[PDB]
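Read-outs: derived from the displayed coordinates by stated rules, not from any lab. Virtual Cβ from ideal backbone geometry, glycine too; neighbours counted across all protein chains shown.
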Amino acid sequence: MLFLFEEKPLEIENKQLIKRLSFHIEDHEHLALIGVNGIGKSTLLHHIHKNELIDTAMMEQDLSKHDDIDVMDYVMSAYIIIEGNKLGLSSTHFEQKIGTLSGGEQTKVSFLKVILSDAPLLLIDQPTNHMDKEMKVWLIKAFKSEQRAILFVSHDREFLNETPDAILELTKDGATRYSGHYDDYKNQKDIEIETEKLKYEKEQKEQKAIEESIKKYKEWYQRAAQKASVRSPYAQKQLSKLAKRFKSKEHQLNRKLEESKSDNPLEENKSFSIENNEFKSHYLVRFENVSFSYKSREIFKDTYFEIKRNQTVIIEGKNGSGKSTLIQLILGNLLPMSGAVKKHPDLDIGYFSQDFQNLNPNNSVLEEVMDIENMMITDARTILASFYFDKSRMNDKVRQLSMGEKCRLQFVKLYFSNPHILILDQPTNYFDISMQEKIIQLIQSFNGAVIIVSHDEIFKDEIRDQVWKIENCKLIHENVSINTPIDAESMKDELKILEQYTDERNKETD
Amino acid sequence: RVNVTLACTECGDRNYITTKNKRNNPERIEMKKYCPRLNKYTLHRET
Amino acid sequence: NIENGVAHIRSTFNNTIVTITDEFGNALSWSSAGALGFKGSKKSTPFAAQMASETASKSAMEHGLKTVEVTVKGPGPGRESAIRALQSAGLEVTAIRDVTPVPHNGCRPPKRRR
RNA sequence: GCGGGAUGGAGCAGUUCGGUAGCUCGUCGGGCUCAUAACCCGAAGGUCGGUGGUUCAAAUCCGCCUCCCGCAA
RNA sequence: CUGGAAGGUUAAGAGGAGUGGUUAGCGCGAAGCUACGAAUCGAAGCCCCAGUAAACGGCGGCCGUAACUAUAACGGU
RNA sequence: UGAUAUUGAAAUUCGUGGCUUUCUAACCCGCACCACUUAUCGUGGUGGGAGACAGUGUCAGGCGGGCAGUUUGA
Ligand SMILES: Nc1ncnc2c1ncn2[C@@H]1O[C@H](COP(=O)(O)OP(=O)(O)OP(=O)(O)O)[C@@H](O)[C@H]1O
Ligand SMILES: Nc1ncnc2c1ncn2[C@@H]1O[C@H](COP(=O)(O)OP(=O)(O)OP(=O)(O)O)[C@@H](O)[C@H]1O
Ligand SMILES: [Mg+2]
Ligand SMILES: [Mg+2]
């Protein structure tokens, strides 16, 4: 028993999020904490760090407040120095700022500071945030190495299938502990959803049959009440006896309703859409021996790049290759070389950024979407709902929203920006398990061109049309069949199999 | 629209009981009122 | 470990199957056209019976069997290519047999298709 | 008089707690055929019965009205 | 009603990290005695799955269509 | 339907505790033979069968119009 959370209401700030929240965390146990976006998985982690007992680690998931602190003294925020030989992370260097790193190079300078902290319980956020397919196959081997207790937030159902020992599912009812991996949690959450709809389908069919018996007694009654003499005590008495028939099956109906009440409420299969402008030309953007450099780092030497009308491009590489800086050259970065990034003079662009430099902090939700040119208030508030902004989140500063929200807020600005191309940079990274499908259909039901930068394999596996790549300092293509030829010696090998005919088999008994 | 308790900030705790709308005042309310243990006007935070 | 098994080729008009045993019918390893993920009308053909007959042997090659004496069963388009897949992958056939079931007039057979 | 209705031409979801007008069939114009049906391609057609109210926002909620339906006048 | 390898949820009992009381000592708190008390373990049943009507029980609407009219063998939903 | 008492023995097994086996001395037989004995009761002896189960006490959970006591406005 490493830690008990005695039943108390959870709340980050003035607002209250949950009441009656309790759970325990053993020793030497890695415990996943999954839940919907905006429910409080990160506020609960702040609580145990600040207001709770035993010292902890608290690897955050934004690092935005501290963006000018020199790295190598952010790592030493707690305190000859065992860091050079701790480059298993492959962290670049410790002389930059910390708001100047890659998006996924600072999710392993905060994982470095968390492992070297020497505390009993490690409070970790997302940690597969922004990471590659190789740096994400490395810490799967790292979490299975330390005898400390971890309590992390993942919502990544490939990482969640090997690491955890139990799962803690926040609901706004409290935490419901499960055992096993994500697939053991998922099986039991399915059996639990059948019973509520079989139980709901069985109360509707029990209460409609009592309404129809009741309604039949009343057709008999008003037909009999006009035929009965008011001066007959026998015919009246049969009339009051018939009323008892329906008056007592109205009391059976009223004890089913005021006693048997549930709903199947999470049933709305709506979906989003965006409409392009039908470019009508061949090339969208182009590079002409472009080069770039970050004061010592030579990112791109002279390279070529092209995107034509109605294409889908998938850029690849690793952490630090230059994906999010190539997307910057397309809008504006003013190359140091000549380069001359050749762009069409009539382009609309829909930008989804890794860091939320699109969104204006210190700006309410309602008054940020309304910053566009000729947006009205009805069509703005009405599209703001259907993205799950429940008409009361209108007066919230963007600076104090969730991470899942405000990744959903720059999708509600894409709808009002009818583009020619969508430039999406890690679009399914901060989204929970249920919202990663509602925006994979959106990207596929867009009839324009898109440039996708993404690290999850099961999203960029069925949409692979064109795949560039950054190997040394230059982009490559998928029309480079220099890697693996098919080695056409089949000419020598599909000549033995040519002679087993369909009639040669008919003969030649064995 | 809730019920709120105004507790003294130095003389220690509850003196007054009021109401508030938590959509218009989501924070904790602040008002100077008479603490009768200090015999003096002080500041009262909502509990 | 083991030496001298027998290969049990089993080809039908959909799907061949090769299973290698010891000489006591002990099932060293099996494999077959549809396991490699061949869909119908490819599942059936002589190429796939020579994949399948060598994803087997090479995965019981590895028990040091090297001499097999095959027994064959079925009609099959892809029977015989599965015995140049075998003897290809280093196994040294001994001598073969066509053990197919033949009633000495037993039970009655299904209708025939129109 | 009481019950249930009205959502492109037909038949129907969606209303039950307001937030991007939907499904099958048919209609129209091309193709295929010696010709027709079937099949393939492309489009049209929506006051959510009428008329007012509530709301940042109404097919959804609130009154009034004319139709259709079933019992019973 | 019958039959289900497992998985979930559940009793008594087992277990005893912790929180209170008192006070030899020096507002802190050793033993002892005391008021309690969590994690884990723990069966039927129930959830869930298949079968059974000479078991209990149940056995539909609207629309268009034929060389008189009317009906509709035929069609849509 | 569980825990626990009556209630024991040896081993294998995986974690001093449990699981499962096997053994028999306890307990059980409306079971054969022999005495009491004129006896289809009972008690005692002897073989067999089963056996730490079952039956029995205490505590616990499910089911429970089979059966009770009642309520079912002005
Ligand atoms: N300073 C603040 N004042 C008031 N409310 C706040 C403040 N900061 C955050 N919140 C609120 O607290 C909630 C916390 O959501 P939280 O960020 O914990 O969700 P999450 O589990 O991180 O989801 P995701 O990881 O998908 O973003 C948000 O709804 C947000 O509105
Ligand atoms: N302002 C800057 N000054 C100096 N160097 C920078 C600056 N911004 C980025 N870099 C360097 O450029 C490299 C690539 O940054 P970039 O934003 O392309 O990362 P990325 O490829 O988007 O990473 P990820 O794919 O994980 O998001 C990094 O190694 C970083 O050190
Ligand atoms: Mg968060
Ligand atoms: Mg980046």
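Computed quantities for the displayed model
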read-out: Search result, residues across segment A:71-93 that are under 31 Å from the mean Cα position of the chain (by Cα), part of a loop (DSSP other than H, G, I, E, B) and not polar (S, T, N, Q); value: A:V71, A:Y74, A:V75, A:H93
read-out: Segment A:273-296, residues that are in a loop (DSSP other than H, G, I, E, B) and either under 14 Å from A:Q328 (Cβ atoms) or within 31 Å of the chain's Cα centre (by Cα) (or both); value: A:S273, A:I274, A:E275, A:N276, A:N277, A:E278, A:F279, A:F287
read-out: Qualifying residue in segment A:119-133 (condition: within 16 Å of RNA strand E (Cβ to nearest atom), of a type in the set (G, A, S) and more than 24 Å from A:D432 (Cβ to Cβ)); value: no
read-out: Members of segment A:50-72 found to be exposed (fewer than 15 other Cβ atoms within 10 Å of the Cβ) and closer than 14 Å to A:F5 by Cβ, listed by number; value: A:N51, A:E52, A:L53, A:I54
read-out: Of all residues making up segment A:291-340, the number that are among the basic types (K, R), farther than 23 Å from A:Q444 by Cα and in contact with a strand residue (DSSP E or B) (Cβ under 9 Å, 6 or more places away or on another chain); value: 2
read-out: Test: A:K141 is more than 25 Å from A:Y182 (Cα to Cα) and assigned to a helix (DSSP H, G or I); value: no
read-out: Filter pass, A:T163 being within 16 Å of ligand 2 (Cβ to nearest atom) and among the hydroxyl-bearing types (S, T, Y); value: no
read-out: Check on A:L442, under 17 Å from the mean Cα position of the chain (by Cα) and within 16 Å of RNA strand D (Cβ to nearest atom); value: yes
read-out: Any pair with Cβ under 7 angstrom, 6 or more apart, that starts in segment A:316-332 at a residue that is within 14 Å of chain C (Cβ to nearest Cβ) and ends at one that is more than 9 Å from ligand 4 (Cβ to nearest atom); value: none
read-out: All positions within segment A:402-420 that are among the hydrophobic types (A, V, I, L, M, F, W, C) and either within 16 Å of ligand 3 (Cβ to nearest atom) or under 18 Å from the mean Cα position of the chain (by Cα) (or both); value: A:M403, A:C407, A:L409, A:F411, A:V412, A:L414
read-out: Residue in segment A:162-170 that is touching a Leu at 6+ places or on another chain (Cβ under 6 Å), surrounded by 14 or more Cβ atoms within 10 Å (Cβ to Cβ) and not in a helix (DSSP H, G or I) present; value: yes
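Condition check ((1) exposed (fewer than 10 other Cβ atoms within 10 Å of the Cβ); (2) touching a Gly at 6+ places or on another chain (Cβ under 9 Å)) across all residues:
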position: A:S213; (1), (2): no, no
position: A:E219; (1), (2): yes, no
position: A:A224; (1), (2): no, no
position: A:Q238; (1), (2): no, no
position: A:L253; (1), (2): no, no
position: A:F287; (1), (2): no, yes
position: A:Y294; (1), (2): no, no
position: A:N310; (1), (2): no, yes
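Listed here are the residues, each with its yes/no results for (1) of a type in the set (A, V, I, L, M, F, W, C); (2) within 13 Å of chain A (Cβ to nearest Cβ); (3) under 19 Å from A:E494 (Cα atoms); (4) in contact with a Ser or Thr (Cβ under 6 Å, 6 or more places away or on another chain).
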site	(1), (2), (3), (4)
C:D22	no, no, no, no
C:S29	no, no, no, yes
C:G34	no, no, no, no
C:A49	yes, yes, yes, yes
C:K66	no, no, no, no
C:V70	yes, yes, no, no
C:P77	no, yes, yes, no
C:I83	yes, yes, yes, no
C:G90	no, no, no, no
